[PDB]
Amino acid sequence: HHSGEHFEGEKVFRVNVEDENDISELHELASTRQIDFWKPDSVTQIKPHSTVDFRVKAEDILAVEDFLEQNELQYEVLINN
Numbered sequence: 001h002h003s004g005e006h007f008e009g010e011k012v013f014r015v016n017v018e019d020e021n022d023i024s025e026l027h028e029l030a031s032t033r034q035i036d037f038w039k040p041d042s043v044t045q046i047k048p049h050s051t052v053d054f055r056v057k058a059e060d061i062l063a064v065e066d067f068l069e070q071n072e073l074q075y076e077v078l079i080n081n
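Counted from 1, the sequence shown has number 17 at position 17 by mature numbering (1 follows the signal peptide of the UniProt record, and there is no 0); the numbering is strictly sequential.
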């Protein structure tokens with residue numbers, strides 16, 4: 001299917017890091033953060049089993065949602081069913 005074909009972002013990409021593995025991936029994005037964090041991040045200090053949130057941004061979502069799905073980088077959304 002497509003991603004951004006008359007749709008918005010309408011999602012709350014929350015994150016749930018388990019350990020350093022998960023961090024090590026999300027951490028990269030920071031360099032070119034298409035996203036911004038909400039409560040509480042400061043990426044440099046993210047550590048295991050932690051829970052932080054992002055926001056409903058759109059248009060460039062595809063890369064973010066992809067960066068979060070292809071690997072299932074423990075992201076949580078409360079707008080599914």
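Quick reminder that beta carbons are idealized off the backbone N, C-alpha and C, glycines included.
Own chain residues within Cβ distance below 7 Å of residue i, not counting five before or after
i, result
"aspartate 53", "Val12, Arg14, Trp38 and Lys39"
Residue i versus the options, residue with shortest Cα-Cα distance
i, options, result
"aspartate 36", "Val64, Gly4, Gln74 and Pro48", "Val64"
"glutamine 74", "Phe7, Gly9, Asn16 and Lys47", "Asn16"
"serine 3", "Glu72, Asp66 and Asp22", "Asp66"
Environment of residue i [buried if 16+ CB atoms lie within 10 Å]
i, result
"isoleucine 79", "exposed"
"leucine 68", "buried"
"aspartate 60", "exposed"
Residues that residue i bridges to, as DSSP identifies them
i, result
"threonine 44", "Its beta-bridge partners do not exist; DSSP assigns none."
"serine 50", "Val17"
First and last residue of the uninterrupted alpha helix (DSSP H) at residue i
i, result
"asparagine 21", "20-31"
Where the beta strand (DSSP E) containing residue i begins and where it ends
i, result
"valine 64", "No beta strand (DSSP E) contains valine 64, which is instead part of the alpha helix (DSSP H) from 61-69."
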